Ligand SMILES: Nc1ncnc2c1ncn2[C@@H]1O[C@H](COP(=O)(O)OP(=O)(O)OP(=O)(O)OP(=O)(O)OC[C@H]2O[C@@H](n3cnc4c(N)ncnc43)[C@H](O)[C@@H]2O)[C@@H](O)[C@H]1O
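Just the one chain here, the form solved without ligand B4P, laid out as structure tokens.
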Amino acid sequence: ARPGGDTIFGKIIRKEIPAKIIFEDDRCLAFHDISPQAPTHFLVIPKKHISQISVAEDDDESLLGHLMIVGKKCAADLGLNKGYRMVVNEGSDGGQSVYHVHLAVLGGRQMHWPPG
């Protein structure tokens, strides 16, 4: 059900559909998750279509870190003071919902262990 190799996240990057965008720069986009599982729950995605962390290249390393820096900066500016959890899901067992790499950040409540 993805005849272009593309995803909903590609449409969001291209501004073809609305999203609750928190932050954007040249290489990533942060936005609120449309199905939140915590009072604060957002995504940081690369604009580069990396389908899953398992196929990320070594040269994508600083881009992946950039997602995490952007993530912690957005967390601070969404009022998360007491902490949060960053998550990357890979594949079926990881519960990956979209085949475009995404760092989820969840907070505003106590996150529990195990993490799923």
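So that the term is clear: the rigid core is the largest set of C-alpha atoms that superpose within 1.5 Å between two forms. Residues that one form lacks are left out of the comparison. The numbering used is simple: start at 1 and walk along the sequence shown.
What follows is about the form solved in complex with ligand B4P, which we do not show.
Overlaying ligand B4P from its position in the deposited complex puts 3 or more ligand atoms within 2.4 angstroms of backbone or C-beta atoms here, which marks the pocket as blocked. Considering ligand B4P in the deposited complex, the lone stretch of 40-48, 22-30, 57-65, 73-81 in range is 40-48 [heavy atom distance within 4.5 Å]. When contacts are judged by a 4.5 Å heavy atom cut-off, residue 12 counts as touching ligand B4P in the deposited complex. Mapping the unseen interface onto this chain, residue 69 falls outside it, with no heavy atom inside 4.5 Å of ligand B4P in the deposited complex. Residues 98, 102 are the ones in 98-113 with at least one heavy atom within 4.5 Å of ligand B4P in the deposited complex, listed in sequence order.
After fitting on the rigid core, only one stretch of 3+ residues whose CA atoms all move by 2 angstroms or more between this form and the one not shown is found, at 2-6.
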